[PDB]
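The form deposited in one PDB entry is given below as one chain in structure tokens.
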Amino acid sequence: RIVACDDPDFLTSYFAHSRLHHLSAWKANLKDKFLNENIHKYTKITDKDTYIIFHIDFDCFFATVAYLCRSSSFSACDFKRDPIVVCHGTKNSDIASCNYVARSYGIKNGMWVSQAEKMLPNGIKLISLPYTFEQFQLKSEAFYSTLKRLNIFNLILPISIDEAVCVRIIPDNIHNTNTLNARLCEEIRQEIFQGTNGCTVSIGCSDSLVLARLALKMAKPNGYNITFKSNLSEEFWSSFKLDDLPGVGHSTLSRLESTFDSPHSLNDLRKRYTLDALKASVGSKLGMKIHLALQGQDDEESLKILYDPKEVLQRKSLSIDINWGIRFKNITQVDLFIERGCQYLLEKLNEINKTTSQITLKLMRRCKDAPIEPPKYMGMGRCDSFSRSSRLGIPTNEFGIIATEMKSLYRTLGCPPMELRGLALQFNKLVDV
């Protein structure tokens, strides 16, 4: 009952099961809906406007919906009492989402099931629910629909399936801003709960993107938080990890922890940092971004989504990226897979009425000293990453040009088929009509 990477159904089957593919496709479709819904409606925000940002996202999105939509086989479980996760497997399988009970024992999104099992004391069973992908989309739709129907935002910007940044242009210096915006946060939460038949959202509310994002994290689960620039305090800053800053992930955290000696919070970092030391640790741009965030201000790059959302949400590239289940014996099977991949991308390119004038092939090769079979079944394991790009000349949607060039790019990279653990095929420059 298993579809391999050299089977013609592989892509279809992989993409049917892959939650990360679904996240990307859903995001791509929401940006498209935004562009189509706002064809005529030119609503833009200028640097002279005063505005409030409501950053809204679902609490434990997949866990909540998978529980409400669960099959008869899982009737007995209780979302308030039981530790519940959404995953495919039983061992080295990613927890896509876990409920707040599971989180009280230390279980976290992205953790393998087997690792999560060990954090439960004896007597307590981990409940594993399947993915309900179509129902995830239906709940998102009800969410976004509720946001519009309220008719209170000048701009509704999709971030993800379960998350949106909503903007209200307002006068400078209004009376009772904290209390009036608390009322809205409460109205929004109740309306979404009713509109989704029982999913909860949290809301971060501020006068900048960065603070509204931090306020949302502080609000979780099932609450709201309002912190304007003028409400900033050491106690607010003391509540956040460094990688709570947008643009700071695993790798930037490590560099910031090294340079500033493992600050426990953003408030510890506020006290220790200089702008010049930040730039040295993490780069000029990101160093500046962080310095600005610690004053509750957005960088110019982040603000582009408010100042010109149609430009920012315009799709500029298209690709597929498959780094799971890649086990080829020879170059013939690789070529067939690339061809299937190019055709899939061409069908999408043709759906959206564009051509491409530049492509890239990117692969993942088993590291010299890594094991032939990694600990995750069909995982890529430790790998080195290599890429080559190619200009096609005239924009085109011709399979013969595109696929021949992709296969050639694979040849230029020189990875033996059996060392291949991952492939991405990319159309880097898109042209309309």
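Numbering starts at 1 and runs along the sequence shown. Throughout, rigid core stands for the largest set of C-alpha atoms superposing within 1.5 Å between the two forms.
Quick check on the record: does 248 to 256 or 169 to 177 carry the larger mean Cα temperature factor?
Stretch with the higher mean C-alpha B-factor: 169 to 177.
Stretch with the greater mean C-alpha B-factor as recorded in the entry, comparing 227 to 235 against 197 to 205:
Stretch with the higher mean C-alpha B-factor: 227 to 235.
Identify, among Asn29, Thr46, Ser390, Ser408, the residue whose C-alpha carries the highest B-factor in the deposited PDB entry.
Checking the PDB record, the top C-alpha B-factor among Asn29, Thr46, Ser390, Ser408 is at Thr46.
Quick one: which of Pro83, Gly325, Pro221, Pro158 shows the highest Cα temperature factor in the PDB entry?
Max CA B-factor in the entry, restricted to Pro83, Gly325, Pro221, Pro158: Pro83.
CA B-factor ranking of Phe54, expressed as a third of its chain
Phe54: CA B-factor falls in the lowest third of its chain.
Rank-wise, by C-alpha B-factor, drop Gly110 into the lowest, middle or highest third of its chain.
It belongs to the middle third of the chain when residues are ordered by C-alpha B-factor.
Could you tell me which third, lowest, middle or highest, the C-alpha B-factor of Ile402 occupies within its chain?
Answer is lowest: the recorded C-alpha B-factor places it there.
Sorting by Cα B-factor within the chain, modelled residues only, which third would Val65 end up in: lowest, middle or highest?
Lowest third of the chain for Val65's C-alpha B-factor.
If you rank every modelled residue in this chain by C-alpha B factor, which third holds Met288: lowest, middle or highest?
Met288: CA B-factor falls in the middle third of its chain.
From this point on, the text means the form deposited in another entry, which you will not see here.
Position that moves between the shown form and the other one after core superposition, taken from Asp172, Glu134, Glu347, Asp276, with Cα shift of 2 Å or more
Spelled out, the residue whose C-alpha shifts by 2 Å or more is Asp172.
Closer or farther: C-alpha pair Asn267/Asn173 in the other entry, relative to this form, given a change of 3 Å or more
Relative to this form, farther apart in the other entry.
With a shift of at least 3 angstroms, figure out whether the C-alpha spacing between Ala212 and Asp172 grows or shrinks in the other entry: closer or farther?
Result: farther.
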